[PDB]
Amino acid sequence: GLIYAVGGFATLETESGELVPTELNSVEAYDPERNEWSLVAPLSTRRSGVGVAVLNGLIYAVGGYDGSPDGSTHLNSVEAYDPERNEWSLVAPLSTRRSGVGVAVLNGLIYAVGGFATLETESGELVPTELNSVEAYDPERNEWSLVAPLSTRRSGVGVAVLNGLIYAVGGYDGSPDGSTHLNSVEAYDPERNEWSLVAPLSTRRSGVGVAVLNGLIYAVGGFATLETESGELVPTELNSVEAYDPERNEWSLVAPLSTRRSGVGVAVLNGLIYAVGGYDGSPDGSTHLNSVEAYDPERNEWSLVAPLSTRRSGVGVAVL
């Protein structure tokens, strides 16, 4: 019955007044009855672009990014939060490091979908790699195993479960060739161990937050390079929200966010979608967001609720 905001990144002022890039280990919990965020136990490992999902009463924080000049940049480590003990434990790491990984839970397994890493070639060269690999975590065995890969390599992908399928929505591909911001959507059938294509988003979006409510998938916010009427390509944080109906295999627009944002954490609690934090790369205004919006599907409206105590982009969000 609480929303947990896990990790993320912000530029924060020191006591001496210097602004420093900070990957976050802090975790905040939102109580909707009180409309308040409160700190809980922090992650062991500071991380942003982390995938977060709930399984068997525990929150799992999977992979992520650490831009510090020391140490690994792309993480394979996985932490598990016990709310009764208010403690984070380490579990088995991913086989492949991945930042900007999407995670969802289906049939008692955690799926880690896509992401990005710098990986060594056979010749020893380090190359930037968007990932198509998908790993599944069995908590009874404390083991990750490979399942079928995505058709399309992608990071910053939104992942959610609907009607026994995992949907991988949008994302980012930094290759020098081809589209950088994705509208494509894939669906994973665990019985067949197969990914299929479904209807694409109307607007391409990387760093999109995805949640399922009342039988629809909502794709919330994100970022894309979009052509203006004059033909110029401009970087655009998105406020648009699209809803996917699996019976019709169609996306439709619903009410937009008040605040354009990417790298936003999205989760469902008590029949509302919460959009938590995120990133705004505009040359004006705050870059890392503490604001939180709540979507009512009956009224088709987004409202503001209490903001996070610490701004955070690339935050993972789950409900427990």
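Numbering starts at 1 and follows the sequence shown.
For the segment pair 154-162 and 189-197, the entry gives 189-197 the higher mean B-factor, averaged over Cα atoms.
When the C-alpha B-factors of 46-54 and 291-299 are averaged, 291-299 comes out higher. Of all the options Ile217, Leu131, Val127, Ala224, the entry's greatest CA B-factor is assigned to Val127. The PDB entry assigns its highest CA temperature factor, among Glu79, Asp82, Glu135, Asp173, to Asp82. In this PDB entry, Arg205 carries a Cα temperature factor that places it within the middle third of its chain's modelled residues. Annotation for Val169: CA B-factor lies in the lowest third of the chain's modelled residues. Among all modelled residues in this chain, the alpha-carbon of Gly271 has a temperature factor (C-alpha) in the highest third.
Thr22: CA B factor in the middle third of modelled residues in this chain (values from the PDB entry).
Among the modelled residues of its chain, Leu39 has a C-alpha B-factor that falls in the highest third, as given in the PDB entry.
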